[PDB]
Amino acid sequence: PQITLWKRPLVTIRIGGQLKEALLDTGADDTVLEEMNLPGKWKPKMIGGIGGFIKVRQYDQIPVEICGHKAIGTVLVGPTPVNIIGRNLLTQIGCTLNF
């Protein structure tokens, strides 16, 4: 797809058995999902941006489908206000910024 930026670039993703809406975010190094009771082993992490840092749970080798395109990698879970797909998974689906 080609996605314009008039509005927030929200797409459907599949992760952990759930369909969700998530933000395609070239500013994010990694992927962070709204709080959910995902199974598996995890390790604690802090991530930071506008407003400071939040504590999240880091899960590894998690399958994610983004708009029909498959990926697998690290997913963070915690008190983000929006589900965010970052560069770690955007590169796996071939996404580029074009102008």
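For every residue, the number given is its place in the sequence shown, counted from 1.
Trainee: Regarding 24 to 32 and 38 to 46, which shows the higher C-alpha temperature factor on average in the entry?
Mentor: Between 24 to 32 and 38 to 46, it is 38 to 46.
Trainee: State the tercile, meaning the lowest, middle or highest third, of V11 with respect to the CA B-factors recorded for its chain.
Mentor: Its C-alpha B-factor, which the entry lists for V11, ranks in the middle third among residues of this chain.
Trainee: Can you tell me which third, lowest, middle or highest, the CA B-factor of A71 falls into for its chain?
Mentor: Ranked within chain, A71 CA B lands in the middle tercile.
Trainee: Taking the chain's C-alpha temperature factors as the reference, tell me which third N83 falls into: lowest, middle or highest.
Mentor: As the PDB entry reports it, the C-alpha B-factor of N83 lands in the lowest third of its chain.
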